[PDB]
Amino acid sequence: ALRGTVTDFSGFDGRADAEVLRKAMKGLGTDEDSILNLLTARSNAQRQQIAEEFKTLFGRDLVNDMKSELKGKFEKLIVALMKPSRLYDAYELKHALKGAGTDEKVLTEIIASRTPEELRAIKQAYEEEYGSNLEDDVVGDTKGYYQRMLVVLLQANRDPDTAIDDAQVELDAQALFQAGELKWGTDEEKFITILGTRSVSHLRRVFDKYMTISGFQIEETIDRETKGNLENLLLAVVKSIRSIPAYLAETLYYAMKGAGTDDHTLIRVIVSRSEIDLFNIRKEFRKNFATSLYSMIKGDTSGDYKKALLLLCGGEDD
Ligand SMILES: [Ca+2]
Ligand SMILES: [Ca+2]
Ligand SMILES: [Ca+2]
Ligand SMILES: [Ca+2]
Ligand SMILES: [Ca+2]
């Protein structure tokens, strides 16, 4: 059921494509249109081969060439599109941790919505690319229970999905009830362990049972019990447990919504998910926000940036 919007090009000719790209940048000016139309029509793996051919044919670096030709957000998008899939998330994480400050929004968004299998891969790529340990970096840049919850998640050791044990579902729902609503203060340690290590199928049942017992959806309790980064993280985990696509569709909505656009987030979610579940994200989006992702992007963005974006997204109605 998980569908992306970008797939492998049928009659792919890495060499032919490279020539088209050279021609589009050679001499005075840039044919941004041909670049944009070609790249959003190739899978990430094909973009990498195109980059290889371009280098053996011209002895020039494609990405470095595009960076000198392209400008602004269009450049940022195309550059993101050229990053190998297995390196992109690591790349975004590294840059969220970089600088004096730390972009918790990015850490929270990626660590909460990625599966353990994905976190495992992201950690390997991170280390072999930046020569640093992802966990060490996160710990060094975060504090309190927010940091603890991230580290628990980074262990990529969530319980596997097996037959649901009802007594166990009851036990956990009551535990969460006593750890929050019935407690003076909050036992965050309890929330972290349960929310961070139980299997996804188990927690979905726990969320429902928790509603029955308390009359509150777990999200309401989280909002009532916590605040700050921890709150954001816990809501992200809960939301992702329920549906990653729905969670990401929501992240997108709020990136555009307001005034102006959180282009970094808009670019990050579309590119990182283009070959995973961007189609599903499209569906959850229309259902929940009554708008088509396409129409939303088409109204908040402009220029080639907007054209490339819509081509990667697609489906005006879906
Ligand atoms: Ca030129
Ligand atoms: Ca530039
Ligand atoms: Ca309380
Ligand atoms: Ca709150
Ligand atoms: Ca806006």
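For the protein chain, the name recorded in the PDB entry is ANNEXIN V, with Rattus norvegicus as its organism. Under Function, UniProt gives the following word-for-word description of the protein chain: "This protein is an anticoagulant protein that acts as an indirect inhibitor of the thromboplastin-specific complex, which is involved in the blood coagulation cascade." Among the UniProt annotations of the protein chain, the heading Sequence similarities holds the following wording: "Belongs to the annexin family."

## Some remarks on the overall build of the protein chain
Along its length, the protein chain carries 20 helices and zero strands. For 318 residues, the compact-globule estimate of 2.2 N^0.38 gives 20 Å, and the protein chain sits close to it at 22 Å. Seen through its principal axes, the protein chain has C-alpha atoms that stretch 70 × 45 × 40 Å. By sequence separation, contacts in the protein chain at least 24 residues apart represent 72% of the contacts at least 6 residues apart.

## Topic: the coordination of the calcium ion (ligand 4)
Of the protein atoms, only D223 (O), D223 (OD), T226 (O) and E231 (OE) coordinate the calcium ion (ligand 4), at distances of 2.8 to 3.0 Å. Expressed as a motif, the donor residue spacing for the calcium ion (ligand 4) is D-x2-T-x4-E.

## Here we look at the packing of helix α14 (residues 218-225) against helix α15 (residues 229-242)
Packing of α14 against α15 leaves a shortest axis separation of 9 Å and a crossing angle of 175°. Viewed along their axes, α14 and α15 adopt a mutual orientation that is roughly antiparallel. Facing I218, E219, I222 and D223 of α14, the residues of α15 in contact are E231, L234, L235, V238 and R242.

## With respect to helix α4 (residues 62-69)
Along an α-helix, residues three or four positions apart point the same way, because every turn accommodates 3.6 residues. Here α4 has its buried residues at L62, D65, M66 and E69. Projection of α4 onto a plane perpendicular to its axis shows the buried side chains occupying an angular sector of 95°, all on one side. On its buried side, α4 packs onto α1 (14-25), α2 (32-39), α3 (44-58) and α5 (72-82). With a side-chain oxygen lying 3.3 Å from the backbone nitrogen of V63, the N-terminal cap of α4 falls on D61.

## Things to note about the UniProt feature "short sequence motif: [IL]-x-C-x-x-[DE] motif" in the protein chain
As recorded in UniProt, the sites labelled "short sequence motif: [IL]-x-C-x-x-[DE] motif" are residues 311-317. Taken end to end, residues 311-317 comprises 43% helix and 0% strand; its first and last C-alpha atoms sit 14 Å apart.

## Re the coordination of the calcium ion (ligand 1)
The protein atoms that coordinate the calcium ion (ligand 1) are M25 (O), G27 (O), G29 (O), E69 (OE) and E69 (OE), at distances of 2.6 to 2.7 Å. Sequence spacing of the donors to the calcium ion (ligand 1): M-x1-G-x1-G-x39-E. Residue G27 is found in the loop between α1 and α2, and its partner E69 is found in helix α4; the two are separated by 42 residues along the sequence. Given the relative accessible area of 16%, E69 is considered buried.

## With respect to the domain arrangement of the protein chain
As far as domains go, the protein chain holds domain 1 (11-83), domain 2 (84-157), domain 3 (158-243) and domain 4 (244-315). Each of domain 2 and domain 4 was reduced to a C-alpha centroid, and the two centroids are 23 Å apart. Contacts between domain 2 and domain 4 engage eleven residues on the former and 14 residues on the latter. With both sides pooled, the region where domain 2 packs onto domain 4 buries about 1,000 Å², and carbon together with sulfur makes up 51% of that total. On the domain 2 side of the interface with domain 4, the three residues burying the most area are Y88, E109 and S113, jointly 49% of the side's total.

## Thoughts on the side chain of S292
Relative to the helices and strands, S292 resides in the loop between α18 (278-289) and α19 (293-300). Polar contacts involving the side chain of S292 include one to the side chain of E316, which spans 3.1 Å. Discounting residues that sit within four places of it in the chain, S292 has contacts with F285, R286, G315, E316, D317 and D318.

## What to know about the environment of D263
Here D263 lies in helix α17 (residues 263-273). Residue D263 is classed as buried on the basis of its relative accessible area, which comes to 15%. In this structure, the C-alpha to C-alpha distance between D263 and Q48, residues 215 residues apart in sequence, is 24 Å. Filtering out sequence-adjacent residues up to four positions away, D263 remains in contact with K73 and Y305. Among the polar contacts made by the side chain of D263, one reaches the side chain of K73 at a distance of 3.4 Å.

## Side note on the packing of helix α16 (residues 244-256) against α19
Look at α16 against α19: their axes get within 10 Å of each other, and the N-to-C directions meet at 25°. Classified by the angle their axes make, α16 and α19 are roughly parallel. In this structure, α16 crosses over α19, and the sense of that crossing is left-handed. Across from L252, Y253 and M256 in α16, the residues of α19 making contact are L293, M296, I297 and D300. Class assignment for the residues of the contact of α16 with α19 results in six nonpolar, no polar and one charged.

## Overview of the side chain of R42
Assignment of secondary structure puts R42 in the loop between α2 and α3. Separated by 2.7 Å, the side chains of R42 and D17 make a polar contact. With near-sequence residues (within four places) excluded, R42 lies in contact with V6, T7, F9, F12, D17, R47 and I50.

Rules of the game
- Residues numbered from 1 in each chain as written, not as in the entry; some residues may be left out.
- Chains lettered and ligands numbered in written order.
- Heavy atoms only, no water.
- Residues with missing side-chain atoms left out of burial classes, pairs and counts.
- UniProt positions renumbered as here; feature names shortened; annotations may be inferred.
- Helix = DSSP H or I, 4+ residues; strand = E, 2+ residues; numbered from the N terminus.
- Rg over C-alpha atoms; globule rule 2.2 N^0.38 Å.
- Contact = heavy atoms within 4.5 Å.
- Donors = N, O, S within 2.8 Å, 3.2 Å for Na, K, Ca; no water.
- Axes fitted to C-alpha atoms, helices over the stretch in contact; angles between N-to-C directions.
- Parallel < 35°, antiparallel > 145°, perpendicular 65-115°, else oblique.
- Buried < 20%, exposed > 50% of the residue type's maximum accessible area, 1.4 Å probe, protein only.
- Arc of directions from axis to C-beta.
- Polar contact = N/O pair within 3.5 Å; in protein donor to acceptor, adjacent residues only side chain to side chain.
- Domains from an automatic or database assignment.
- Buried area = accessible area lost by both parts, 1.4 Å probe.
- Left-handed = near helix turned anticlockwise from the far one by under 90°.
- Nonpolar A, V, L, I, M, F, W, Y, C, P; charged D, E, K, R; others polar.

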